[PDB]
file coords-v4.tsv (TSV, N, CA and C atoms)
chain	number	residue	atom	x	y	z
I	1	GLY	N	3.44	-36.78	-25.11
I	1	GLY	CA	3.79	-37.09	-23.73
I	1	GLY	C	4.92	-36.15	-23.39
I	2	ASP	N	4.52	-34.96	-22.98
I	2	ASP	CA	5.15	-33.67	-23.00
I	2	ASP	C	4.00	-32.79	-22.51
I	3	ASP	N	3.88	-32.71	-21.18
I	3	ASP	CA	2.64	-32.48	-20.46
I	3	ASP	C	2.99	-31.48	-19.36
I	4	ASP	N	2.68	-30.19	-19.55
I	4	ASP	CA	2.97	-29.09	-18.62
I	4	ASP	C	1.92	-27.97	-18.83
I	5	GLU	N	1.87	-26.97	-17.94
I	5	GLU	CA	1.03	-25.79	-18.07
I	5	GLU	C	1.90	-24.53	-17.83
I	6	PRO	N	2.81	-24.16	-18.75
I	6	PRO	CA	3.71	-23.03	-18.58
I	6	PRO	C	3.01	-21.69	-18.83
I	7	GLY	N	2.50	-21.09	-17.76
I	7	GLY	CA	1.97	-19.73	-17.75
I	7	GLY	C	2.55	-19.00	-16.57
I	8	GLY	N	1.71	-18.64	-15.60
I	8	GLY	CA	2.06	-17.77	-14.48
I	8	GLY	C	1.82	-18.47	-13.15
I	9	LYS	N	2.58	-18.08	-12.13
I	9	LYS	CA	2.47	-18.59	-10.77
I	9	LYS	C	2.65	-17.45	-9.79
I	10	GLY	N	1.53	-17.08	-9.18
I	10	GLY	CA	1.40	-16.18	-8.06
I	10	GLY	C	2.41	-16.45	-6.95
I	11	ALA	N	2.73	-15.43	-6.15
I	11	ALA	CA	3.85	-15.48	-5.20
I	11	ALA	C	3.51	-14.80	-3.88
I	12	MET	N	4.10	-15.24	-2.76
I	12	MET	CA	3.86	-14.61	-1.47
I	12	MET	C	4.58	-13.26	-1.43
I	13	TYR	N	4.00	-12.35	-0.65
I	13	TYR	CA	4.55	-11.04	-0.35
I	13	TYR	C	4.11	-10.67	1.07
I	14	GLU	N	4.69	-9.61	1.61
I	14	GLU	CA	4.20	-8.87	2.76
I	14	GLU	C	4.37	-7.40	2.36
I	15	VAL	N	3.57	-6.51	2.93
I	15	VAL	CA	3.67	-5.08	2.70
I	15	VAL	C	3.46	-4.38	4.03
I	16	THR	N	4.05	-3.20	4.18
I	16	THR	CA	4.10	-2.51	5.45
I	16	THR	C	3.96	-1.02	5.15
I	17	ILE	N	2.83	-0.43	5.55
I	17	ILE	CA	2.52	0.98	5.34
I	17	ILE	C	2.61	1.68	6.69
I	18	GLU	N	3.07	2.92	6.69
I	18	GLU	CA	3.14	3.79	7.85
I	18	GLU	C	2.62	5.15	7.43
I	19	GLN	N	1.61	5.65	8.14
I	19	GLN	CA	1.13	7.02	8.10
I	19	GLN	C	1.22	7.58	9.53
I	20	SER	N	1.71	8.81	9.67
I	20	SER	CA	1.54	9.64	10.84
I	20	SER	C	1.81	11.09	10.41
I	21	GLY	N	1.72	12.06	11.33
I	21	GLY	CA	1.48	13.44	10.92
I	21	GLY	C	0.05	13.55	10.38
I	22	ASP	N	-0.23	14.55	9.56
I	22	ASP	CA	-1.56	14.78	9.00
I	22	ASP	C	-1.79	13.82	7.84
I	23	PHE	N	-2.38	12.66	8.11
I	23	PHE	CA	-2.64	11.67	7.06
I	23	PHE	C	-4.11	11.56	6.67
I	24	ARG	N	-5.02	11.63	7.64
I	24	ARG	CA	-6.47	11.58	7.44
I	24	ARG	C	-6.99	12.98	7.12
I	25	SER	N	-6.44	13.54	6.05
I	25	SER	CA	-6.70	14.87	5.51
I	25	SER	C	-6.49	14.92	3.99
I	26	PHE	N	-6.17	13.77	3.40
I	26	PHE	CA	-5.83	13.58	1.99
I	26	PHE	C	-6.54	12.30	1.56
I	27	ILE	N	-7.29	12.35	0.46
I	27	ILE	CA	-8.15	11.27	-0.02
I	27	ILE	C	-7.28	10.24	-0.75
I	28	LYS	N	-7.03	9.04	-0.20
I	28	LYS	CA	-6.25	8.02	-0.91
I	28	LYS	C	-6.91	6.64	-0.86
I	29	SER	N	-6.25	5.62	-1.43
I	29	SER	CA	-6.85	4.31	-1.71
I	29	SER	C	-5.83	3.19	-1.51
I	30	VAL	N	-5.94	2.51	-0.38
I	30	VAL	CA	-5.11	1.36	-0.06
I	30	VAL	C	-5.66	0.18	-0.88
I	31	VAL	N	-5.04	-0.04	-2.04
I	31	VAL	CA	-4.81	-1.39	-2.51
I	31	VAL	C	-3.83	-2.07	-1.55
I	32	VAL	N	-4.32	-3.04	-0.79
I	32	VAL	CA	-3.59	-4.29	-0.66
I	32	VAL	C	-4.60	-5.42	-0.68
I	33	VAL	N	-4.56	-6.32	-1.66
I	33	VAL	CA	-5.17	-7.64	-1.53
I	33	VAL	C	-4.48	-8.61	-2.50
I	34	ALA	N	-5.02	-9.82	-2.61
I	34	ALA	CA	-4.70	-10.84	-3.58
I	34	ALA	C	-5.96	-11.09	-4.40
I	35	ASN	N	-5.77	-11.44	-5.67
I	35	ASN	CA	-6.83	-11.81	-6.59
I	35	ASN	C	-6.99	-13.34	-6.70
I	36	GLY	N	-6.57	-14.10	-5.68
I	36	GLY	CA	-6.73	-15.55	-5.65
I	36	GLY	C	-6.88	-16.03	-4.22
I	37	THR	N	-5.81	-15.93	-3.44
I	37	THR	CA	-5.79	-16.33	-2.04
I	37	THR	C	-6.40	-15.24	-1.15
I	38	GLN	N	-6.51	-15.55	0.15
I	38	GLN	CA	-6.93	-14.64	1.20
I	38	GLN	C	-5.78	-13.75	1.68
I	39	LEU	N	-6.16	-12.65	2.32
I	39	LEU	CA	-5.24	-11.73	2.98
I	39	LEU	C	-5.28	-11.99	4.48
I	40	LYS	N	-4.29	-11.46	5.20
I	40	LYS	CA	-4.12	-11.64	6.63
I	40	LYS	C	-3.86	-10.28	7.25
I	41	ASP	N	-4.67	-9.93	8.25
I	41	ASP	CA	-4.67	-8.62	8.89
I	41	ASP	C	-3.55	-8.53	9.92
I	42	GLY	N	-2.74	-7.47	9.84
I	42	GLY	CA	-1.64	-7.22	10.75
I	42	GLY	C	-2.05	-7.04	12.22
I	43	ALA	N	-3.33	-6.76	12.53
I	43	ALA	CA	-3.76	-6.55	13.91
I	43	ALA	C	-3.65	-7.85	14.71
I	44	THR	N	-4.24	-8.93	14.20
I	44	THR	CA	-4.40	-10.17	14.96
I	44	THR	C	-3.98	-11.41	14.16
I	45	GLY	N	-3.78	-11.30	12.85
I	45	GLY	CA	-3.58	-12.45	11.99
I	45	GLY	C	-4.90	-13.15	11.69
I	46	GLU	N	-6.03	-12.43	11.77
I	46	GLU	CA	-7.26	-12.84	11.12
I	46	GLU	C	-7.01	-12.94	9.62
I	47	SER	N	-7.83	-13.75	8.95
I	47	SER	CA	-7.66	-14.12	7.55
I	47	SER	C	-8.98	-13.88	6.81
I	48	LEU	N	-8.90	-13.34	5.59
I	48	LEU	CA	-9.94	-12.50	5.00
I	48	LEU	C	-10.08	-12.80	3.52
I	49	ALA	N	-11.33	-12.86	3.07
I	49	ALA	CA	-11.70	-13.15	1.69
I	49	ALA	C	-11.21	-12.05	0.73
I	50	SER	N	-11.42	-12.26	-0.57
I	50	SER	CA	-10.68	-11.57	-1.62
I	50	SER	C	-11.57	-11.21	-2.81
I	51	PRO	N	-11.32	-10.10	-3.53
I	51	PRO	CA	-10.47	-8.98	-3.14
I	51	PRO	C	-11.16	-8.12	-2.07
I	52	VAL	N	-10.43	-7.15	-1.51
I	52	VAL	CA	-10.91	-6.10	-0.62
I	52	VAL	C	-10.01	-4.92	-0.97
I	53	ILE	N	-10.54	-3.86	-1.58
I	53	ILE	CA	-9.80	-2.62	-1.87
I	53	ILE	C	-10.41	-1.53	-0.99
I	54	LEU	N	-9.58	-0.74	-0.32
I	54	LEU	CA	-10.03	0.27	0.63
I	54	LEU	C	-10.17	1.61	-0.08
I	55	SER	N	-10.70	2.58	0.64
I	55	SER	CA	-10.95	3.92	0.17
I	55	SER	C	-10.69	4.88	1.33
I	56	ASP	N	-10.87	6.17	1.09
I	56	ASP	CA	-10.51	7.26	2.01
I	56	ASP	C	-11.13	7.06	3.40
I	57	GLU	N	-12.39	6.64	3.43
I	57	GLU	CA	-13.15	6.26	4.61
I	57	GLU	C	-12.40	5.26	5.51
I	58	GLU	N	-11.69	4.32	4.89
I	58	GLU	CA	-11.00	3.19	5.51
I	58	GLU	C	-9.50	3.49	5.70
I	59	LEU	N	-9.09	4.75	5.61
I	59	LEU	CA	-7.68	5.17	5.66
I	59	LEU	C	-7.31	5.86	6.97
I	60	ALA	N	-8.20	5.85	7.96
I	60	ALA	CA	-8.03	6.44	9.28
I	60	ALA	C	-7.05	5.68	10.19
I	61	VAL	N	-6.29	4.71	9.65
I	61	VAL	CA	-5.31	3.92	10.38
I	61	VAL	C	-3.91	4.47	10.13
I	62	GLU	N	-3.08	4.45	11.17
I	62	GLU	CA	-1.67	4.81	11.10
I	62	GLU	C	-0.91	3.81	10.22
I	63	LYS	N	-0.61	2.63	10.77
I	63	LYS	CA	0.32	1.67	10.18
I	63	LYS	C	-0.23	0.26	10.20
I	64	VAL	N	0.19	-0.55	9.23
I	64	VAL	CA	-0.47	-1.80	8.91
I	64	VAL	C	0.54	-2.74	8.21
I	65	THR	N	0.45	-4.05	8.45
I	65	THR	CA	1.50	-5.02	8.12
I	65	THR	C	0.88	-6.29	7.48
I	66	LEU	N	0.33	-6.16	6.28
I	66	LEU	CA	-0.52	-7.16	5.64
I	66	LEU	C	0.30	-8.20	4.87
I	67	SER	N	-0.14	-9.46	4.81
I	67	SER	CA	0.57	-10.53	4.10
I	67	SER	C	-0.43	-11.57	3.62
I	68	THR	N	-0.07	-12.32	2.58
I	68	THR	CA	-0.95	-13.29	1.93
I	68	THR	C	-0.89	-14.63	2.65
I	69	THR	N	-2.00	-15.37	2.69
I	69	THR	CA	-2.02	-16.71	3.28
I	69	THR	C	-1.41	-17.72	2.29
I	70	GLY	N	-1.90	-17.75	1.05
I	70	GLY	CA	-1.43	-18.59	-0.04
I	70	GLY	C	-0.82	-17.71	-1.13
I	71	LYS	N	-1.27	-17.82	-2.38
I	71	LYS	CA	-0.70	-17.08	-3.52
I	71	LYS	C	-1.65	-16.02	-4.08
I	72	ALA	N	-1.17	-14.79	-4.13
I	72	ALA	CA	-1.73	-13.66	-4.85
I	72	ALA	C	-1.68	-13.93	-6.33
I	73	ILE	N	-2.34	-13.06	-7.08
I	73	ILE	CA	-2.33	-13.09	-8.52
I	73	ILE	C	-2.07	-11.66	-9.01
I	74	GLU	N	-2.82	-10.68	-8.50
I	74	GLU	CA	-2.74	-9.28	-8.87
I	74	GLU	C	-2.60	-8.48	-7.57
I	75	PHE	N	-1.75	-7.45	-7.58
I	75	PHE	CA	-1.47	-6.54	-6.48
I	75	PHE	C	-0.89	-5.24	-7.05
I	76	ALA	N	-0.99	-4.12	-6.34
I	76	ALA	CA	-0.40	-2.85	-6.75
I	76	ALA	C	0.00	-2.05	-5.51
I	77	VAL	N	0.85	-1.04	-5.69
I	77	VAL	CA	1.40	-0.21	-4.63
I	77	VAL	C	1.46	1.20	-5.24
I	78	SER	N	0.41	2.00	-5.06
I	78	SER	CA	0.33	3.34	-5.63
I	78	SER	C	-0.10	4.34	-4.57
I	79	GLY	N	0.75	5.34	-4.31
I	79	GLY	CA	0.50	6.29	-3.23
I	79	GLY	C	-0.61	7.30	-3.55
I	80	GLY	N	-1.06	7.37	-4.80
I	80	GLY	CA	-1.85	8.47	-5.35
I	80	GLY	C	-3.10	8.81	-4.56
I	81	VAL	N	-3.51	10.07	-4.73
I	81	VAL	CA	-4.44	10.82	-3.91
I	81	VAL	C	-5.43	11.52	-4.84
I	82	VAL	N	-6.45	12.16	-4.28
I	82	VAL	CA	-7.26	13.12	-5.00
I	82	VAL	C	-7.62	14.32	-4.10
I	83	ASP	N	-8.04	15.43	-4.71
I	83	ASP	CA	-8.30	16.72	-4.07
I	83	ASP	C	-9.76	16.82	-3.62
I	84	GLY	N	-10.07	16.38	-2.40
I	84	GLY	CA	-11.44	16.16	-1.93
I	84	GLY	C	-11.95	17.30	-1.07
I	85	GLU	N	-12.78	18.18	-1.64
I	85	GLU	CA	-13.25	19.42	-1.01
I	85	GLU	C	-12.06	20.27	-0.53
I	86	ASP	N	-12.27	21.27	0.33
I	86	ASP	CA	-11.16	21.96	1.00
I	86	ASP	C	-10.61	21.04	2.11
I	87	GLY	N	-9.41	21.34	2.63
I	87	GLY	CA	-8.87	20.67	3.82
I	87	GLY	C	-7.81	21.50	4.56
I	88	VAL	N	-7.21	22.48	3.88
I	88	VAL	CA	-6.26	23.46	4.40
I	88	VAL	C	-4.88	22.82	4.60
I	89	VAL	N	-4.75	21.85	5.49
I	89	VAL	CA	-3.55	21.25	6.09
I	89	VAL	C	-2.59	22.31	6.69
I	90	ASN	N	-1.66	21.88	7.55
I	90	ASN	CA	-0.61	22.74	8.09
I	90	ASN	C	0.64	21.91	8.41
I	91	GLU	N	0.57	21.03	9.41
I	91	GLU	CA	1.63	20.09	9.77
I	91	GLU	C	1.87	19.04	8.67
I	92	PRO	N	3.08	18.46	8.59
I	92	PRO	CA	3.49	17.50	7.56
I	92	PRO	C	2.77	16.15	7.67
I	93	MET	N	2.97	15.31	6.65
I	93	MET	CA	2.68	13.89	6.67
I	93	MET	C	3.99	13.17	6.43
I	94	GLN	N	4.13	11.99	7.03
I	94	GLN	CA	5.18	11.07	6.69
I	94	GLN	C	4.51	9.80	6.19
I	95	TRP	N	4.87	9.37	4.99
I	95	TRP	CA	4.49	8.09	4.42
I	95	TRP	C	5.77	7.28	4.30
I	96	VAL	N	5.82	6.11	4.92
I	96	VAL	CA	6.88	5.13	4.72
I	96	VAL	C	6.19	3.89	4.15
I	97	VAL	N	6.70	3.42	3.02
I	97	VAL	CA	6.05	2.47	2.15
I	97	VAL	C	7.14	1.46	1.79
I	98	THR	N	7.14	0.28	2.41
I	98	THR	CA	8.06	-0.79	2.03
I	98	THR	C	7.21	-1.99	1.59
I	99	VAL	N	7.56	-2.59	0.45
I	99	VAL	CA	7.01	-3.84	-0.04
I	99	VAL	C	8.11	-4.90	0.02
I	100	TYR	N	7.75	-6.08	0.51
I	100	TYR	CA	8.62	-7.23	0.60
I	100	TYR	C	8.09	-8.28	-0.36
I	101	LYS	N	8.96	-9.15	-0.86
I	101	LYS	CA	8.58	-10.35	-1.60
I	101	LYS	C	8.48	-11.49	-0.58
I	102	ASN	N	8.34	-12.72	-1.08
I	102	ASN	CA	8.53	-13.96	-0.34
I	102	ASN	C	9.98	-14.05	0.16
I	103	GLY	N	10.32	-13.31	1.22
I	103	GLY	CA	11.59	-13.43	1.93
I	103	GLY	C	12.64	-12.37	1.62
I	104	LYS	N	12.32	-11.22	1.02
I	104	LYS	CA	13.30	-10.16	0.74
I	104	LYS	C	12.63	-8.80	0.58
I	105	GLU	N	13.41	-7.72	0.59
I	105	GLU	CA	12.92	-6.35	0.46
I	105	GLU	C	13.21	-5.84	-0.95
I	106	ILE	N	12.17	-5.46	-1.70
I	106	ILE	CA	12.34	-5.07	-3.11
I	106	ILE	C	11.94	-3.63	-3.41
I	107	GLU	N	11.12	-2.97	-2.59
I	107	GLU	CA	10.61	-1.66	-2.94
I	107	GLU	C	10.40	-0.85	-1.66
I	108	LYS	N	10.87	0.40	-1.64
I	108	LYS	CA	11.19	1.10	-0.40
I	108	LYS	C	11.15	2.60	-0.69
I	109	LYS	N	10.07	3.28	-0.29
I	109	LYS	CA	9.73	4.65	-0.66
I	109	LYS	C	9.28	5.42	0.58
I	110	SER	N	9.73	6.66	0.71
I	110	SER	CA	9.37	7.56	1.78
I	110	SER	C	9.01	8.94	1.24
I	111	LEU	N	7.86	9.45	1.66
I	111	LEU	CA	7.26	10.73	1.29
I	111	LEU	C	7.23	11.59	2.55
I	112	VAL	N	7.60	12.86	2.47
I	112	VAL	CA	7.45	13.80	3.58
I	112	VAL	C	7.57	15.23	3.05
I	113	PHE	N	6.47	15.99	3.04
I	113	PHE	CA	6.46	17.38	2.61
I	113	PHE	C	5.67	18.26	3.59
I	114	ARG	N	5.61	19.57	3.33
I	114	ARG	CA	4.99	20.60	4.18
I	114	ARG	C	5.02	21.98	3.50
I	115	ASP	N	4.90	22.03	2.18
I	115	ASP	CA	4.98	23.21	1.31
I	115	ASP	C	6.15	24.14	1.66
I	116	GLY	N	7.32	23.82	1.13
I	116	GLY	CA	8.54	24.59	1.29
I	116	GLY	C	9.78	23.73	1.09
I	117	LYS	N	9.79	22.85	0.08
I	117	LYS	CA	10.99	22.14	-0.34
I	117	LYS	C	10.86	21.81	-1.82
I	118	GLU	N	11.88	22.10	-2.61
I	118	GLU	CA	11.82	21.80	-4.03
I	118	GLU	C	12.16	20.33	-4.24
I	119	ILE	N	11.20	19.57	-4.77
I	119	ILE	CA	11.36	18.24	-5.35
I	119	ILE	C	10.41	18.17	-6.55
I	120	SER	N	10.87	17.58	-7.65
I	120	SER	CA	10.15	17.49	-8.91
I	120	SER	C	8.97	16.52	-8.91
I	121	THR	N	8.65	15.86	-7.80
I	121	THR	CA	7.65	14.81	-7.74
I	121	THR	C	6.83	14.88	-6.47
I	122	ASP	N	5.71	14.17	-6.49
I	122	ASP	CA	4.84	14.02	-5.35
I	122	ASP	C	4.15	12.65	-5.28
I	123	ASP	N	4.32	11.74	-6.25
I	123	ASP	CA	3.58	10.47	-6.21
I	123	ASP	C	4.29	9.25	-6.83
I	124	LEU	N	3.74	8.05	-6.59
I	124	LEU	CA	4.24	6.74	-6.98
I	124	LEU	C	3.11	5.84	-7.48
I	125	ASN	N	3.43	4.98	-8.46
I	125	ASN	CA	2.58	3.90	-8.93
I	125	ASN	C	3.47	2.70	-9.28
I	126	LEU	N	3.04	1.49	-8.91
I	126	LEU	CA	3.74	0.22	-9.05
I	126	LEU	C	2.66	-0.86	-9.21
I	127	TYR	N	2.95	-1.98	-9.88
I	127	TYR	CA	2.00	-3.06	-10.11
I	127	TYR	C	2.73	-4.40	-10.15
I	128	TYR	N	2.19	-5.43	-9.50
I	128	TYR	CA	2.76	-6.77	-9.38
I	128	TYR	C	1.72	-7.81	-9.76
I	129	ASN	N	1.94	-8.50	-10.88
I	129	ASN	CA	1.23	-9.71	-11.28
I	129	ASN	C	2.20	-10.61	-12.02
call {"tool": "encode", "arguments": {"input": "coords-v4.tsv", "output": "structure tokens"}}
result
Amino acid sequence: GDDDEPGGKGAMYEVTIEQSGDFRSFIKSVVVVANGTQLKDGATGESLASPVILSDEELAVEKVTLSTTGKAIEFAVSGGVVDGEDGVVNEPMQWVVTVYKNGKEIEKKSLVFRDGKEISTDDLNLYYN
């Protein structure tokens, strides 16, 4: 008589992505979903079954403000890309990537290049379960 289930407990989050400049010119993959509860679309607050992982085809949107209805289980935040045919590019991209927890700001990343600035990096990977 010592009766508990001590494992894991999923948690609320919100995430907020911003693309503008030349963004629909680079092949990337929006993970945002939950592996338990539904997701909620920043456009109208429609609510959506699970999981749903996007791809380059589904990346033609500027900015998006997604949040969980109940509790997530698995989530990730990875900016990574792939080299899809030619594309040339010229003008910059700005990526602003903020992840929030249940009531606070924990992860906050901004990308902006245009071939002509020395920085030792170009990408991010993060995982939350």
call {"tool": "residues_around", "arguments": {"input": "coords-v4.tsv", "residues": "segment 23-31 of chain I", "least_positions_apart": "6", "cutoff": "5 Å", "atoms": "all atoms listed in the file", "output": "number ranges by chain"}}
result
I: 54-56, 80-82
call {"tool": "atom_distance", "arguments": {"input": "coords-v4.tsv", "atom1": "atom CA of residue 5 of chain I", "atom2": "atom CA of residue 102 of chain I"}}
result
22.6 Å
call {"tool": "select_by_dssp", "arguments": {"input": "coords-v4.tsv", "residues": "chain I", "states": "strand (DSSP E)", "output": "number ranges by chain"}}
result
I: 13-21, 27-28, 39-40, 47-48, 63-68, 75-76, 81-82, 93-101, 105-113, 127-128
call {"tool": "residues_around", "arguments": {"input": "coords-v4.tsv", "residues": "residue 100 of chain I", "least_positions_apart": "5", "cutoff": "7 Å", "atoms": "all atoms listed in the file", "output": "list in words"}}
result
residues 12, 13, 14, 15, 16, 105, 106 and 107 of chain I
call {"tool": "atom_distance", "arguments": {"input": "coords-v4.tsv", "atom1": "atom CA of residue 17 of chain I", "atom2": "atom CA of residue 111 of chain I"}}
result
11.6 Å
call {"tool": "atom_distance", "arguments": {"input": "coords-v4.tsv", "atom1": "atom CA of residue 44 of chain I", "atom2": "atom CA of residue 66 of chain I"}}
result
10.5 Å
call {"tool": "build_atoms", "arguments": {"input": "coords-v4.tsv", "residues": "segment 56-74 of chain I", "atoms": "N, CA, C and O atoms", "output": "JSON list (two decimals), in the frame of the given file"}}
result
[["chain", "number", "residue", "atom", "x", "y", "z"],
["I", 56, "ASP", "N", -10.87, 6.17, 1.09],
["I", 56, "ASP", "CA", -10.51, 7.26, 2.01],
["I", 56, "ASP", "C", -11.13, 7.06, 3.40],
["I", 56, "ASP", "O", -10.46, 7.18, 4.43],
["I", 57, "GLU", "N", -12.39, 6.64, 3.43],
["I", 57, "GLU", "CA", -13.15, 6.26, 4.61],
["I", 57, "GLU", "C", -12.40, 5.26, 5.51],
["I", 57, "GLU", "O", -12.48, 5.34, 6.74],
["I", 58, "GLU", "N", -11.69, 4.32, 4.89],
["I", 58, "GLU", "CA", -11.00, 3.19, 5.51],
["I", 58, "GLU", "C", -9.50, 3.49, 5.70],
["I", 58, "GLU", "O", -8.70, 2.57, 5.88],
["I", 59, "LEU", "N", -9.09, 4.75, 5.61],
["I", 59, "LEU", "CA", -7.68, 5.17, 5.66],
["I", 59, "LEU", "C", -7.31, 5.86, 6.97],
["I", 59, "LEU", "O", -6.19, 6.36, 7.10],
["I", 60, "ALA", "N", -8.20, 5.85, 7.96],
["I", 60, "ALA", "CA", -8.03, 6.44, 9.28],
["I", 60, "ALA", "C", -7.05, 5.68, 10.19],
["I", 60, "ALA", "O", -6.99, 5.96, 11.39],
["I", 61, "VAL", "N", -6.29, 4.71, 9.65],
["I", 61, "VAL", "CA", -5.31, 3.92, 10.38],
["I", 61, "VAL", "C", -3.91, 4.47, 10.13],
["I", 61, "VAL", "O", -3.57, 4.86, 9.01],
["I", 62, "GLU", "N", -3.08, 4.45, 11.17],
["I", 62, "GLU", "CA", -1.67, 4.81, 11.10],
["I", 62, "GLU", "C", -0.91, 3.81, 10.22],
["I", 62, "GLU", "O", -0.54, 4.11, 9.09],
["I", 63, "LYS", "N", -0.61, 2.63, 10.77],
["I", 63, "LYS", "CA", 0.32, 1.67, 10.18],
["I", 63, "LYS", "C", -0.23, 0.26, 10.20],
["I", 63, "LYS", "O", -1.08, -0.03, 11.04],
["I", 64, "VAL", "N", 0.19, -0.55, 9.23],
["I", 64, "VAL", "CA", -0.47, -1.80, 8.91],
["I", 64, "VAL", "C", 0.54, -2.74, 8.21],
["I", 64, "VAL", "O", 1.36, -2.27, 7.42],
["I", 65, "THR", "N", 0.45, -4.05, 8.45],
["I", 65, "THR", "CA", 1.50, -5.02, 8.12],
["I", 65, "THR", "C", 0.88, -6.29, 7.48],
["I", 65, "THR", "O", 0.84, -7.38, 8.08],
["I", 66, "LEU", "N", 0.33, -6.16, 6.28],
["I", 66, "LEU", "CA", -0.52, -7.16, 5.64],
["I", 66, "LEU", "C", 0.30, -8.20, 4.87],
["I", 66, "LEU", "O", 1.31, -7.84, 4.26],
["I", 67, "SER", "N", -0.14, -9.46, 4.81],
["I", 67, "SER", "CA", 0.57, -10.53, 4.10],
["I", 67, "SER", "C", -0.43, -11.57, 3.62],
["I", 67, "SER", "O", -1.54, -11.69, 4.15],
["I", 68, "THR", "N", -0.07, -12.32, 2.58],
["I", 68, "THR", "CA", -0.95, -13.29, 1.93],
["I", 68, "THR", "C", -0.89, -14.63, 2.65],
["I", 68, "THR", "O", 0.18, -15.01, 3.14],
["I", 69, "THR", "N", -2.00, -15.37, 2.69],
["I", 69, "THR", "CA", -2.02, -16.71, 3.28],
["I", 69, "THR", "C", -1.41, -17.72, 2.29],
["I", 69, "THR", "O", -0.48, -18.44, 2.65],
["I", 70, "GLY", "N", -1.90, -17.75, 1.05],
["I", 70, "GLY", "CA", -1.43, -18.59, -0.04],
["I", 70, "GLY", "C", -0.82, -17.71, -1.13],
["I", 70, "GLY", "O", 0.07, -16.91, -0.82],
["I", 71, "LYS", "N", -1.27, -17.82, -2.38],
["I", 71, "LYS", "CA", -0.70, -17.08, -3.52],
["I", 71, "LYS", "C", -1.65, -16.02, -4.08],
["I", 71, "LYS", "O", -2.79, -16.31, -4.47],
["I", 72, "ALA", "N", -1.17, -14.79, -4.13],
["I", 72, "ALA", "CA", -1.73, -13.66, -4.85],
["I", 72, "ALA", "C", -1.68, -13.93, -6.33],
["I", 72, "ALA", "O", -1.08, -14.91, -6.77],
["I", 73, "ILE", "N", -2.34, -13.06, -7.08],
["I", 73, "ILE", "CA", -2.33, -13.09, -8.52],
["I", 73, "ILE", "C", -2.07, -11.66, -9.01],
["I", 73, "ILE", "O", -1.14, -11.44, -9.78],
["I", 74, "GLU", "N", -2.82, -10.68, -8.50],
["I", 74, "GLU", "CA", -2.74, -9.28, -8.87],
["I", 74, "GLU", "C", -2.60, -8.48, -7.57],
["I", 74, "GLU", "O", -3.27, -8.81, -6.58]]
